[PDB]
file work-v7.txt (compact mmCIF, C-alpha atoms and all ligand atoms)
# COMPACT_ATOMS: atom_id res chain seq x y z
CA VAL A 1 -3.22 5.46 5.35
CA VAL A 2 -0.26 3.12 4.76
CA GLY A 3 -0.01 1.52 1.29
CA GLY A 4 -2.75 3.79 -0.10
CA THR A 5 -3.20 5.65 -3.38
CA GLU A 6 -4.18 9.27 -3.83
CA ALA A 7 -7.98 9.46 -4.09
CA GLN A 8 -9.62 11.18 -7.03
CA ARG A 9 -10.83 14.67 -5.97
CA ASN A 10 -14.57 13.88 -6.16
CA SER A 11 -14.36 10.33 -4.83
CA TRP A 12 -15.36 10.41 -1.14
CA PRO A 13 -17.45 13.57 -0.63
CA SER A 14 -18.63 12.65 2.92
CA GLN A 15 -15.04 12.52 4.16
CA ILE A 16 -14.12 15.42 6.46
CA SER A 17 -10.95 16.73 8.11
CA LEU A 18 -11.23 17.35 11.82
CA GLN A 19 -8.71 19.98 12.86
CA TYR A 20 -7.70 21.74 16.08
CA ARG A 21 -6.44 25.27 16.61
CA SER A 22 -2.67 25.27 16.93
CA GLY A 23 -0.99 28.64 17.56
CA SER A 24 -2.26 30.93 14.82
CA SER A 25 -3.13 27.97 12.57
CA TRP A 26 -5.09 24.72 12.25
CA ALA A 27 -3.74 21.15 12.41
CA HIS A 28 -5.45 18.07 11.01
CA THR A 29 -5.94 15.48 13.78
CA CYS A 30 -8.70 13.09 12.65
CA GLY A 31 -11.13 12.13 9.92
CA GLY A 32 -14.94 12.05 10.19
CA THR A 33 -18.03 11.48 8.06
CA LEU A 34 -20.61 14.18 7.26
CA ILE A 35 -23.91 12.49 8.13
CA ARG A 36 -26.19 15.56 8.20
CA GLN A 37 -25.57 19.08 6.87
CA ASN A 38 -24.85 20.03 10.48
CA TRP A 39 -23.61 16.67 11.93
CA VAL A 40 -20.32 14.81 11.69
CA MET A 41 -19.62 11.31 12.96
CA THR A 42 -16.08 10.69 14.26
CA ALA A 43 -14.27 8.68 16.93
CA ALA A 44 -14.68 9.54 20.61
CA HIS A 45 -10.92 9.42 21.19
CA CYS A 46 -10.45 12.22 18.59
CA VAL A 47 -12.22 14.65 20.86
CA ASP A 48 -10.95 13.56 24.32
CA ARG A 49 -8.65 16.62 24.40
CA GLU A 50 -10.31 19.91 25.39
CA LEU A 51 -9.26 21.60 22.12
CA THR A 52 -10.86 24.07 19.73
CA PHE A 53 -12.12 22.02 16.79
CA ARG A 54 -13.20 22.88 13.26
CA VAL A 55 -14.47 20.67 10.46
CA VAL A 56 -13.35 20.94 6.83
CA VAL A 57 -15.70 19.55 4.19
CA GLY A 58 -14.84 19.39 0.49
CA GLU A 59 -11.16 19.08 1.39
CA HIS A 60 -8.55 17.25 -0.71
CA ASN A 61 -5.08 18.80 -0.29
CA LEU A 62 -4.49 19.87 3.32
CA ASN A 63 -1.71 22.24 2.36
CA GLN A 64 -3.16 24.11 -0.61
CA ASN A 65 -6.33 25.91 -1.73
CA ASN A 66 -8.53 23.41 -3.62
CA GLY A 67 -11.32 25.96 -4.27
CA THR A 68 -13.86 23.47 -2.84
CA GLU A 69 -13.44 23.66 0.99
CA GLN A 70 -16.00 24.94 3.53
CA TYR A 71 -14.80 25.63 7.08
CA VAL A 72 -17.18 25.31 10.00
CA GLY A 73 -16.84 25.46 13.80
CA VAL A 74 -17.84 22.62 16.13
CA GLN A 75 -20.72 23.78 18.32
CA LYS A 76 -21.48 20.69 20.42
CA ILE A 77 -19.68 17.38 21.03
CA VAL A 78 -21.70 14.28 22.02
CA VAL A 79 -19.49 11.34 22.91
CA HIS A 80 -21.04 7.93 23.47
CA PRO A 81 -21.89 7.80 27.22
CA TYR A 82 -20.11 4.45 27.59
CA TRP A 83 -16.81 5.60 26.02
CA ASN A 84 -13.84 5.14 28.29
CA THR A 85 -10.58 6.84 27.26
CA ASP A 86 -8.49 4.32 29.27
CA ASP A 87 -10.13 1.42 27.39
CA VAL A 88 -10.42 1.90 23.59
CA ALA A 89 -10.63 -1.91 23.36
CA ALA A 90 -13.94 -1.77 25.26
CA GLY A 91 -15.39 -0.02 22.14
CA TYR A 92 -17.93 2.80 22.09
CA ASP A 93 -15.34 4.80 20.14
CA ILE A 94 -17.85 7.15 18.52
CA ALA A 95 -18.86 10.77 18.78
CA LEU A 96 -21.21 13.16 16.98
CA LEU A 97 -20.25 16.79 16.32
CA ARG A 98 -22.96 19.35 15.74
CA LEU A 99 -21.62 22.01 13.38
CA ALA A 100 -22.16 25.71 14.11
CA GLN A 101 -23.65 26.05 10.62
CA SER A 102 -25.16 23.76 8.02
CA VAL A 103 -22.74 23.17 5.17
CA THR A 104 -23.79 23.43 1.53
CA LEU A 105 -24.05 20.16 -0.36
CA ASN A 106 -22.46 19.91 -3.85
CA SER A 107 -20.30 17.47 -5.90
CA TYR A 108 -17.60 17.72 -3.18
CA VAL A 109 -19.80 17.74 -0.08
CA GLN A 110 -22.39 14.98 0.40
CA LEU A 111 -23.89 12.97 3.27
CA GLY A 112 -22.36 9.57 3.97
CA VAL A 113 -24.81 6.70 3.64
CA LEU A 114 -25.06 4.62 6.81
CA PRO A 115 -25.86 0.91 6.89
CA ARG A 116 -29.08 -0.50 8.33
CA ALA A 117 -28.96 -1.19 12.09
CA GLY A 118 -27.36 -4.51 12.99
CA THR A 119 -25.82 -5.21 9.55
CA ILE A 120 -22.73 -7.43 9.60
CA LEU A 121 -20.56 -7.88 6.50
CA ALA A 122 -19.42 -11.27 5.24
CA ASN A 123 -15.71 -11.92 5.74
CA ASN A 124 -13.47 -10.54 2.97
CA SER A 125 -16.03 -7.89 2.01
CA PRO A 126 -14.60 -5.14 -0.28
CA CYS A 127 -14.01 -1.90 1.63
CA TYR A 128 -11.95 1.30 1.29
CA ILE A 129 -10.36 3.24 4.16
CA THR A 130 -9.76 6.91 3.38
CA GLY A 131 -7.89 9.65 5.25
CA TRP A 132 -4.97 12.02 5.62
CA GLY A 133 -3.26 9.95 8.35
CA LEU A 134 0.40 8.87 8.44
CA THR A 135 1.55 7.16 5.25
CA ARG A 136 4.01 4.98 7.22
CA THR A 137 4.29 3.84 10.84
CA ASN A 138 5.91 6.81 12.68
CA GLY A 139 5.80 8.78 9.37
CA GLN A 140 3.97 11.95 8.35
CA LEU A 141 0.46 12.91 7.34
CA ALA A 142 -0.53 12.69 3.70
CA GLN A 143 -0.96 16.08 1.99
CA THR A 144 -3.66 14.71 -0.29
CA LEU A 145 -6.54 12.35 0.60
CA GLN A 146 -5.43 8.71 0.41
CA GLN A 147 -7.46 5.56 -0.06
CA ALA A 148 -6.57 1.90 0.54
CA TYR A 149 -8.44 -1.27 -0.39
CA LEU A 150 -9.10 -3.07 2.89
CA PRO A 151 -11.33 -6.17 2.84
CA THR A 152 -13.04 -7.06 6.12
CA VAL A 153 -11.83 -9.74 8.51
CA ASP A 154 -14.89 -11.13 10.26
CA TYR A 155 -15.32 -11.27 14.04
CA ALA A 156 -14.54 -14.98 14.27
CA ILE A 157 -11.16 -14.56 12.52
CA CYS A 158 -10.41 -11.11 13.99
CA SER A 159 -10.97 -12.20 17.61
CA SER A 160 -8.94 -15.40 17.28
CA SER A 161 -5.66 -15.57 19.21
CA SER A 162 -3.26 -14.90 16.31
CA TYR A 163 -5.19 -11.76 15.30
CA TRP A 164 -6.65 -9.48 17.98
CA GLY A 165 -7.98 -12.07 20.43
CA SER A 166 -10.29 -10.58 23.06
CA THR A 167 -9.25 -6.99 22.29
CA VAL A 168 -11.70 -6.91 19.38
CA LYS A 169 -15.43 -6.85 20.24
CA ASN A 170 -18.54 -7.65 18.19
CA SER A 171 -19.27 -3.91 18.17
CA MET A 172 -16.22 -3.49 15.92
CA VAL A 173 -15.28 -4.09 12.28
CA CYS A 174 -11.77 -5.22 11.35
CA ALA A 175 -10.39 -4.66 7.87
CA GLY A 176 -7.02 -5.24 6.25
CA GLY A 177 -4.20 -6.96 8.12
CA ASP A 178 -2.07 -7.85 5.06
CA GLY A 179 1.06 -6.19 6.56
CA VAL A 180 1.03 -3.62 3.75
CA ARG A 181 -2.13 -1.50 3.83
CA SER A 182 -3.71 -0.03 6.91
CA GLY A 183 -5.14 2.97 8.72
CA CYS A 184 -2.54 4.97 10.65
CA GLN A 185 -2.49 7.87 13.14
CA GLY A 186 -4.57 10.75 11.79
CA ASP A 187 -7.09 8.49 10.00
CA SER A 188 -8.99 7.88 13.27
CA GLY A 189 -12.63 8.87 13.17
CA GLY A 190 -12.75 8.58 9.39
CA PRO A 191 -14.86 6.20 7.31
CA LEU A 192 -14.46 2.63 6.15
CA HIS A 193 -16.62 2.61 2.99
CA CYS A 194 -18.02 -0.78 2.00
CA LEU A 195 -19.96 -1.72 -1.15
CA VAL A 196 -23.44 -3.11 -0.27
CA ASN A 197 -26.14 -3.68 -2.95
CA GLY A 198 -24.40 -1.33 -5.39
CA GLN A 199 -23.99 1.47 -2.86
CA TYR A 200 -20.98 2.45 -0.74
CA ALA A 201 -21.97 2.90 2.87
CA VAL A 202 -19.88 3.88 5.87
CA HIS A 203 -19.66 0.69 7.95
CA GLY A 204 -16.69 1.77 10.11
CA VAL A 205 -15.30 4.64 12.11
CA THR A 206 -11.52 4.22 12.28
CA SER A 207 -10.50 3.45 15.89
CA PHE A 208 -7.14 1.79 16.47
CA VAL A 209 -4.20 -0.17 15.16
CA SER A 210 -1.51 -2.25 16.83
CA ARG A 211 1.04 -0.69 19.22
CA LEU A 212 3.58 -2.60 17.10
CA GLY A 213 2.73 -0.35 14.15
CA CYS A 214 0.08 0.60 11.60
CA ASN A 215 0.54 -2.05 8.87
CA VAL A 216 1.06 -5.24 10.89
CA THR A 217 0.36 -8.71 9.53
CA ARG A 218 -2.67 -10.19 11.34
CA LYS A 219 -3.39 -6.90 13.07
CA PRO A 220 -6.09 -5.45 10.83
CA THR A 221 -7.20 -1.88 11.36
CA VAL A 222 -10.14 -1.74 13.83
CA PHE A 223 -13.23 0.36 13.34
CA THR A 224 -16.22 1.08 15.46
CA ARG A 225 -19.07 -0.84 13.75
CA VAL A 226 -21.44 1.93 12.65
CA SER A 227 -24.44 -0.46 12.31
CA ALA A 228 -24.19 -1.14 16.07
CA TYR A 229 -24.98 2.54 16.75
CA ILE A 230 -27.79 3.55 14.39
CA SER A 231 -30.40 4.04 17.18
CA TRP A 232 -27.95 6.05 19.27
CA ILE A 233 -27.02 8.25 16.31
CA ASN A 234 -30.71 8.80 15.47
CA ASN A 235 -31.50 9.59 19.13
CA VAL A 236 -28.68 12.14 19.45
CA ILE A 237 -29.70 14.06 16.33
CA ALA A 238 -33.40 13.90 17.25
CA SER A 239 -32.62 15.39 20.70
CA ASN A 240 -30.04 18.06 19.78
CA CA A 301 -7.17 22.34 0.60
call {"tool": "encode", "arguments": {"input": "work-v7.txt", "output": "structure tokens", "more": "lines below"}}
Ligand SMILES: [Ca+2]
result
Amino acid sequence: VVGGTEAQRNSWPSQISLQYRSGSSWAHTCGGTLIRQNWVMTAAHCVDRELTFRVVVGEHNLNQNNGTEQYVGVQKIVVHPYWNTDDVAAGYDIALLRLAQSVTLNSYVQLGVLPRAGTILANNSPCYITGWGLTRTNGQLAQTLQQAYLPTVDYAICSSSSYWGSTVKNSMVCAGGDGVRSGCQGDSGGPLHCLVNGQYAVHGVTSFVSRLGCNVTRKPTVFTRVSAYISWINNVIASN
């Protein structure tokens, strides 16, 4: 997250760290959202590589013991069948991870609320991106969970020529674009939390930013629109 602030410890308890085994240790690669005690929603492109993955729930500081973390292996990966690695701009950037064990829910570990199927937010809707991703273009991961205020940019504006043009699809949510605050590498797969009827719900799964950089004026951060995938998510869980 570029132009973020450190989140309060108990703020976003559905946020997870997706990590891969690296030598004798673990490296954060992506965010995700705990949606069941044994299911995490993330981006498909986070799990393209044939790596060993683990999920960390209740995490806040990547580099120190918080006394709140639970560590769980990834048992099964279900990527959207239409996902194409060579074509992130086609969409379908979404995957479900079945955890080897059910995690314990507490103040630091809670299920993310998902929007109703088909829901589209009005332009300039209040949302927060959260994650441990780079804090500057070509920078380094945040040690502590960051948040940034990123209001939505609706499909009509986002798909216009001076924004993303045809790269953005109706199956996506754009947020931000002010040249200051954005998602960045390492936030992928994480949530965009938007306030709807008094309740934060996860309306986005972080997907991509501009090749020009993370915080780029009129290149809002692009998220898979979670409300486009409710039936698919329900079907995967019901059948695994
Ligand atoms: Ca920690």
call {"tool": "residues_near_ligand", "arguments": {"input": "work-v7.txt", "ligand": "ligand CA 301 (chain A)", "cutoff": "8 Å", "atoms": "only C-alpha atoms and all ligand atoms", "output": "number ranges by chain"}}
result
A: 59-69
call {"tool": "residues_near_point", "arguments": {"input": "work-v7.txt", "point": "(-2.7, -0.9, 10.2)", "cutoff": "7 Å", "atoms": "only C-alpha atoms", "output": "list in words"}}
result
residues 177, 181, 182, 183, 184, 209, 210, 213, 214, 215, 216, 219, 220 and 221 of chain A
call {"tool": "residues_near_point", "arguments": {"input": "work-v7.txt", "point": "(-17.1, 12.0, 6.1)", "cutoff": "9 Å", "atoms": "only C-alpha atoms", "output": "number ranges by chain"}}
result
A: 12-17, 31-35, 40-42, 57, 109-112, 189-191, 202
call {"tool": "write_last_selection", "arguments": {"input": "work-v7.txt", "atoms": "C-alpha atoms", "output": "PDB file, in the frame of the given file"}}
result
ATOM      1  CA  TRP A  12     -15.360  10.410  -1.140  1.00  0.00           C
ATOM      2  CA  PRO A  13     -17.450  13.570  -0.630  1.00  0.00           C
ATOM      3  CA  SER A  14     -18.630  12.650   2.920  1.00  0.00           C
ATOM      4  CA  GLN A  15     -15.040  12.520   4.160  1.00  0.00           C
ATOM      5  CA  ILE A  16     -14.120  15.420   6.460  1.00  0.00           C
ATOM      6  CA  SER A  17     -10.950  16.730   8.110  1.00  0.00           C
ATOM      7  CA  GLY A  31     -11.130  12.130   9.920  1.00  0.00           C
ATOM      8  CA  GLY A  32     -14.940  12.050  10.190  1.00  0.00           C
ATOM      9  CA  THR A  33     -18.030  11.480   8.060  1.00  0.00           C
ATOM     10  CA  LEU A  34     -20.610  14.180   7.260  1.00  0.00           C
ATOM     11  CA  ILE A  35     -23.910  12.490   8.130  1.00  0.00           C
ATOM     12  CA  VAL A  40     -20.320  14.810  11.690  1.00  0.00           C
ATOM     13  CA  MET A  41     -19.620  11.310  12.960  1.00  0.00           C
ATOM     14  CA  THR A  42     -16.080  10.690  14.260  1.00  0.00           C
ATOM     15  CA  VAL A  57     -15.700  19.550   4.190  1.00  0.00           C
ATOM     16  CA  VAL A 109     -19.800  17.740  -0.080  1.00  0.00           C
ATOM     17  CA  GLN A 110     -22.390  14.980   0.400  1.00  0.00           C
ATOM     18  CA  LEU A 111     -23.890  12.970   3.270  1.00  0.00           C
ATOM     19  CA  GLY A 112     -22.360   9.570   3.970  1.00  0.00           C
ATOM     20  CA  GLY A 189     -12.630   8.870  13.170  1.00  0.00           C
ATOM     21  CA  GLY A 190     -12.750   8.580   9.390  1.00  0.00           C
ATOM     22  CA  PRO A 191     -14.860   6.200   7.310  1.00  0.00           C
ATOM     23  CA  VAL A 202     -19.880   3.880   5.870  1.00  0.00           C
TER      24      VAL A 202
END
call {"tool": "closest_residue", "arguments": {"input": "work-v7.txt", "among": "A:172, A:80, A:140, A:30", "to": "residue 94 in chain A", "atoms": "only C-alpha atoms"}}
result
A:80
call {"tool": "residues_around", "arguments": {"input": "work-v7.txt", "residues": "range 145-154 of chain A", "least_positions_apart": "6", "cutoff": "8 Å", "atoms": "all atoms listed in the file", "output": "number ranges by chain"}}
result
A: 1-7, 60-61, 121-132, 173-176, 181-182, 220
call {"tool": "atom_distance", "arguments": {"input": "work-v7.txt", "atom1": "CA of residue 179 in chain A", "atom2": "CA of residue 195 in chain A"}}
result
22.8 Å
call {"tool": "residues_around", "arguments": {"input": "work-v7.txt", "residues": "residue 37 in chain A", "least_positions_apart": "6", "cutoff": "9 Å", "atoms": "only C-alpha atoms", "output": "list in words"}}
result
residues 99, 101, 102, 103, 104, 105, 110 and 111 of chain A
call {"tool": "write_last_selection", "arguments": {"input": "work-v7.txt", "atoms": "C-alpha atoms", "output": "PDB file, in the frame of the given file"}}
result
ATOM      1  CA  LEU A  99     -21.620  22.010  13.380  1.00  0.00           C
ATOM      2  CA  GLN A 101     -23.650  26.050  10.620  1.00  0.00           C
ATOM      3  CA  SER A 102     -25.160  23.760   8.020  1.00  0.00           C
ATOM      4  CA  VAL A 103     -22.740  23.170   5.170  1.00  0.00           C
ATOM      5  CA  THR A 104     -23.790  23.430   1.530  1.00  0.00           C
ATOM      6  CA  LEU A 105     -24.050  20.160  -0.360  1.00  0.00           C
ATOM      7  CA  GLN A 110     -22.390  14.980   0.400  1.00  0.00           C
ATOM      8  CA  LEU A 111     -23.890  12.970   3.270  1.00  0.00           C
TER       9      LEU A 111
END
call {"tool": "atom_distance", "arguments": {"input": "work-v7.txt", "atom1": "CA of residue 180 in chain A", "atom2": "CA of residue 45 in chain A"}}
result
24.8 Å
call {"tool": "atom_distance", "arguments": {"input": "work-v7.txt", "atom1": "CA of residue 161 in chain A", "atom2": "CA of residue 206 in chain A"}}
result
21.8 Å
call {"tool": "residues_around", "arguments": {"input": "work-v7.txt", "residues": "residue 55 in chain A", "least_positions_apart": "3", "cutoff": "7 Å", "atoms": "all atoms listed in the file", "output": "PDB file with C-alpha atoms, in the frame of the given file"}}
result
ATOM      1  CA  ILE A  16     -14.120  15.420   6.460  1.00  0.00           C
ATOM      2  CA  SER A  17     -10.950  16.730   8.110  1.00  0.00           C
ATOM      3  CA  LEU A  18     -11.230  17.350  11.820  1.00  0.00           C
ATOM      4  CA  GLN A  19      -8.710  19.980  12.860  1.00  0.00           C
ATOM      5  CA  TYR A  71     -14.800  25.630   7.080  1.00  0.00           C
ATOM      6  CA  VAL A  72     -17.180  25.310  10.000  1.00  0.00           C
ATOM      7  CA  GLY A  73     -16.840  25.460  13.800  1.00  0.00           C
ATOM      8  CA  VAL A  74     -17.840  22.620  16.130  1.00  0.00           C
TER       9      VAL A  74
END
call {"tool": "closest_residue", "arguments": {"input": "work-v7.txt", "among": "A:117, A:87, A:56, A:8", "to": "residue 234 in chain A", "atoms": "all atoms listed in the file"}}
result
A:117
call {"tool": "axis_aligned_box", "arguments": {"input": "work-v7.txt", "around": "range 159-166 of chain A", "padding_each_side": "6 Å", "output": "AutoDock Vina command-line options"}}
result
--center_x -7.1 --center_y -12.5 --center_z 19.2 --size_x 19.7 --size_y 18.1 --size_z 19.8
call {"tool": "residues_around", "arguments": {"input": "work-v7.txt", "residues": "residue 230 in chain A", "least_positions_apart": "6", "cutoff": "9 Å", "atoms": "all atoms listed in the file", "output": "JSON, numbers by chain"}}
result
{"A": [114, 115, 116, 117, 118]}
call {"tool": "write_last_selection", "arguments": {"input": "work-v7.txt", "atoms": "C-alpha atoms", "output": "PDB file, in the frame of the given file"}}
result
ATOM      1  CA  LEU A 114     -25.060   4.620   6.810  1.00  0.00           C
ATOM      2  CA  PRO A 115     -25.860   0.910   6.890  1.00  0.00           C
ATOM      3  CA  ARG A 116     -29.080  -0.500   8.330  1.00  0.00           C
ATOM      4  CA  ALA A 117     -28.960  -1.190  12.090  1.00  0.00           C
ATOM      5  CA  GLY A 118     -27.360  -4.510  12.990  1.00  0.00           C
TER       6      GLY A 118
END
